[PDB]
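In: Before I ask anything, here's the sequence and the deposited coordinates:
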Amino acid sequence: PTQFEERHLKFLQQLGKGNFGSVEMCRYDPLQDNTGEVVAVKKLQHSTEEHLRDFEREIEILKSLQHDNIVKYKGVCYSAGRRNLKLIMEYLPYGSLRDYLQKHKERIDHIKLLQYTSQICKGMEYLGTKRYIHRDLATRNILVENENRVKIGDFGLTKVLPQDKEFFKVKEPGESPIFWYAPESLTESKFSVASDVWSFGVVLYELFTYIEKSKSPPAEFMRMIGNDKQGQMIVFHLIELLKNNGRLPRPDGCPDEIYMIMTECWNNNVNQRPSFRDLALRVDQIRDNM
Ligand SMILES: CS(=O)(=O)Nc1cccc2[nH]ncc12
């Protein structure tokens, strides 16, 4: 069922909020008896014409994906007498991977981090078979179903590659998560599978820092750059730093072999970065040995 009538969609909780849209937890109860399905409902923060068109493309992308490690599309709800649009998704109860890492450290060890790493890689391989570039791969945009399962979410920045070319030039990006971007994304606005691989390197970094106090990518890059810098000066220094092999340090407790993977993902030469298939195989081989 992809129907969802607004009058049967009942509010339970406010979840995330920020850029573009906000997400609520709702119960869908057609039989009016207080016993139905729990879902996530995504709405626009500001419903302009431009944002509506983007939201429509996000919805088409999500509907096209069926994979264990990608959040499930359930449908749309045409609310306000069908003069508004909301996206209906499955509810994953443990929130973003970023929050989960902070809140549930008691149930997380290195084996679990490698499981999550592998699952993210598998999700990304699947994206590549559709020629979708995610552009925003980060622990805040990964969702946790349970202690054994994570799913890639937020496809708001996701783009399709053209017929022939391997890069997408994003004409004029708004607010940018610059500390997850590959050098070519910073200097040329060029986004590709290879730039998602760079970002994946940074996700792997986040996992092994356990999102600890002031070890996050923005905080570490700012330390190296100089905390007194502001404005475009930050970006100028980030670029120059990255072009001459400045990199995030190995987090404390992180094996050398896992840090080597990070550093291979952070190659300035786009063609020498591993594929997501290489990474999933290598990570599952590390796990299987032991
Ligand atoms: C990341 S968040 O905290 O804003 N919430 C979600 C977004 C998208 C799908 C979701 N399913 N469940 C929660 C959730």
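Out: Yep, it's here. Numbers count the residues shown, from 1 in each chain.
In: okay, CA-based contacts and neighbour counts for the rest of this
Out: OK.
In: Helices of this protein, start to end?
Out: With DSSP state H as the criterion, the chain has helices at 49-63, 79-82, 97-103, 110-129, 183-188, 193-209, 217-225, 232-243, 256-265, 276-288.
In: domain ranges for the protein?
Out: Per curated CATH domains, the structural domains of the chain span 1-91, 92-288.
In: Dump these to CSV, plus mean neighbour count.
Out: CSV is the format used below for these (neighbours: other Cα atoms under 10 Å):
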stretch, mean neighbour count
domain 1-91, 16
domain 92-288, 17
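In: Output the ones you listed in CSV, with distance to the ligand appended to each entry.
Out: Below are those laid out as CSV (distance: least, Cα to the nearest ligand atom, whole Å):
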stretch, distance to the ligand
domain 1-91, 3
domain 92-288, 4
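In: Tell me which of the helices of the chain sits nearest to residue 145.
Out: helix 97-103 (9.6 Å; Cα to Cα).
In: which strands and helices sit next to that closest one?
Out: Judged by 3 or more Cα pairs under 8 Å, 6 or more residues apart in numbering; DSSP states H and E, helix 97-103 is in contact with strand 142-146.
In: okay but residue 202 is in contact with residue 264, surely?
Out: No. Using Cα atoms under 8 Å, residue 202 makes no contact with residue 264, being 11.3 Å away.
In: nearest to residue 26, of the helices of the chain?
Out: Using Cα to Cα, these put helix 79-82 closest to residue 26, at 13.9 Å.
In: Can you tell me what sits against that closest one?
Out: Contact with helix 79-82 is made by 5-6, 85-86, as judged by Cα atoms under 8 Å, 6 or more residues apart in numbering.
In: Over to stretch 8-28?
Out: Contacts of stretch 8-28 with the rest of the structure, by Cα under 8 Å, 6+ apart, involve 4, 29-30, 32, 36-46, 51, 91.
In: For residue 110, which residues are in contact?
Out: With Cα under 8 Å, 6+ apart as the criterion, no residue contacts residue 110.
In: any idea how far residue 279 is from it?
Out: Residue 110 sits at a distance of 17 Å from residue 279 (criterion: Cα to Cα, to the nearest Å).
In: Over to residue 12?
Out: For residue 12, the distance to residue 279 - Cα to Cα - is 39 Å.
In: Equivalent analysis for residue 107, please.
Out: Distance from residue 107 to residue 279, by Cα to Cα: 25 Å.
In: do the same with residue 78
Out: Distance of residue 78 to residue 279, computed by Cα to Cα: 41 Å.
In: bridging residues for residue 77?
Out: On the basis of DSSP bridges, residue 77 is bridged to residue 86.
In: you'd agree it is up against residue 83?
Out: No. In this structure, residue 77 is not within contact of residue 83 by Cα under 8 Å, at 10.3 Å.
In: Would you check how far apart the residue in the chain sticking out farthest from the centre and residue 70 are?
Out: The centre of the chain is farthest from one residue, residue 33, which by Cα atoms, centre = their mean lies 36.5 Å away. Residue 33 sits 31 Å away from residue 70, going by Cα to Cα.
In: residues in contact with residue 171?
Out: Residue 171 neighbours (Cα under 8 Å, 6+ apart): residue 189.
In: For stretch 248-255, give me every contacting residue.
Out: When contacts are defined by Cα under 8 Å, 6+ apart, stretch 248-255 is touched by residues 205, 208-209, 217, 220-221, 256, 259.
In: one more time with 10 Å
Out: 110, 202, 205-210, 215-217, 220-221, 224, 242, 256, 258-260, 262-263, 266 (Cα atoms under 10 Å, 6 or more residues apart in numbering).
In: quick one: terminal-to-terminal distance for that stretch?
Out: End to end - Cα to Cα - stretch 248-255 spans 15 Å.
In: my guess is residue 120 contacts residue 70, does it?
Out: Yes. Contact status for residue 120 versus residue 70: in contact at 8.8 Å, counting by Cα atoms under 10 Å.
In: Give me the common contacts of those two.
Out: The contact sets of residue 120 and residue 70 overlap at 142, 150-152 (Cα under 10 Å, 6+ apart).
In: Now distance to residue 128 too, for the residues you listed, in TSV please.
Out: Shown next, in TSV, are the shared contacts of residue 120 and residue 70 (distance: Cα to Cα, whole Å):
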residue	distance to residue 128
142	17
150	18
151	16
152	13
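In: Great, nothing more from me.
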